[PDB]
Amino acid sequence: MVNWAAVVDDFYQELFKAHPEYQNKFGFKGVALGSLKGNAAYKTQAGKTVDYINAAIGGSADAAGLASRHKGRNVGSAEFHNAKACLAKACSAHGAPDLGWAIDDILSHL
């Protein structure tokens, strides 16, 4: 099956490399990017992100709910447009399908 866990790991490497300040909103704030795989808070976030992707593909994802929760962290359209770019790169590096349509569904509520 598609290695979404590896995709998500690459996504966060791309995201925090381009926008390091985004990392400050997480429980792994301050942790070196190359060491995130060994951080408990990151493991949990990465897993939830993978789950969300599998939910989006499976048809159960609550994009409105995810959008609302991100707004509740002061994360909105600008951030998700930036994330769309990083996720496209991560997917391409794994021969995985692009997830732009999934991000667009979240953007439709932001």
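Heads up: residue numbers just count along the shown sequence, starting at 1.
Q: Comparing 25 to 33 with 48 to 56, where is the mean C-alpha B-factor higher?
A: Averaged over C-alpha atoms, the B-factors run higher in 25 to 33.
Q: Between 4 to 12 and 99 to 107, which has the higher average C-alpha B-factor in the PDB entry?
A: The recorded data point to 99 to 107.
Q: Using the B-factors in the PDB entry, rank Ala64's C-alpha atom against the chain and give the third, lowest, middle or highest.
A: It falls in the middle third of the chain.
Q: Comparing against every modelled residue in the chain, figure out the third that the C-alpha B-factor of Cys86 lands in (lowest, middle or highest).
A: Top third by C-alpha B-factor.
Q: Going by the recorded CA B-factors, say which third of the chain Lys71 sits in, lowest, middle or highest.
A: Middle third - that is where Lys71 ends up once the chain's C-alpha B-factors are sorted.
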